[PDB]
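The chain below stands alone, shown as structure tokens; this is the form deposited in one PDB entry.
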């Protein structure tokens, strides 16, 4: 059992970082662009003291220690005395959602969109293979590098899977338009419920960050899905890409495809 007062291999001294520019903020803290020991650009997430559990804030970095991959955002360090920091690689173009809604993201042609999709699929194939689930897959939680490599971020909800199902407690609420119906209705999270979110994420990419189910209410979405409705194919969406979405939105979790399969289809598009 680790002592509450002992540090680990990931710890760095606070003075090695110089926080240069605030990239964003929320109720739980801020994200800064920073340099580490002069020559190395990094990203820092700070926790707002009192906004949340310290142990939960830090638990995210523990997960990222385990889930290290080219297509997952890379943990470099932590600072575990208040103010509490998590340090990762810098991803110059920010979130995928904001990128696509920006001028540069808007100029990305279809082949690049499917490139982004394939990179994300690869990362999820790794999460699949490592017996984890993410549970918060969406464009907002993907980051994009200066050379246009997409990587999965936000591992706050990510969990190890024992025996192919995680069961959320009954009072858990999750972003409805992105969450698999069975996960919403009974708390049944599996890698197949991430497969569903990936379908929604595909739609986000091909629509340049447009919200899913535009103009529909959440209860309306839940009832539409039960009835068999699914989002229609956009103008710019190739049939083969929409058919993968549709496979990701099968009613029955076990009939949805594996991430390995999705990666390979998108790879060979």
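Think of the rigid core as the biggest set of C-alphas that the two forms share within 1.5 Å after superposition. Numbering follows the first chain given and starts at 1.
Just so you know, the form deposited in another entry exists too; it's not on screen, but the next bit is about it.
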query: Core fit, then residue 245 C-alpha moves 2 Å or more between the shown form and the other one; finding: no
query: Shift of residue 85 between the shown form and the other one at or above 2 Å (CA, core fit); finding: yes
query: Core-superposed comparison between the shown form and the other one, residue 101 Cα displacement 2 Å or beyond; finding: no
query: Pairwise C-alpha change, residue 193 versus residue 27, in the other entry against this form - closer or farther, 3 angstroms or more; finding: closer
query: Note on residue 160-residue 254 C-alpha separation in the other entry, which departs from the shown form by 3 angstroms or more; finding: farther
